[PDB]
């Protein structure tokens, strides 16, 4: 409904929000810890 061609690339961007979350929590993304949601948001003002 909302996305079809803008799929996986934009999801892939939240796939990067995974490797935010497995390793480290005091300089991930310089917020500090994107941690599988503070990079899921950042997608909506980075490329997607």
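The numbering of chain A matches Swiss-Prot: 24-71, in order.
Going by what the header records, the deposited coordinates were determined by solution NMR.
From the backbone N, Cα and C atoms, a Cβ is placed for every residue, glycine too.
Noted in Swiss-Prot for the protein shown:
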type: DISULFID; residues: 33-71; note: disulfide bond
type: DISULFID; residues: 44-59; note: disulfide bond
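Feature map: Swiss-Prot annotations on the structure.
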residue : record         : DSSP class
33      : disulfide bond : helix
44      : disulfide bond : coil
59      : disulfide bond : coil
71      : disulfide bond : coil
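It is 20 Å from the Cα atom of residue 44 (disulfide bond) to that of residue 71 (disulfide bond). Around the Cβ of residue 71 (disulfide bond), the number of neighbouring Cβ atoms within 10 Å comes to 14. The Cβ neighbour count for residue 44 (disulfide bond), using a 10 Å radius and every protein chain shown, is 18.
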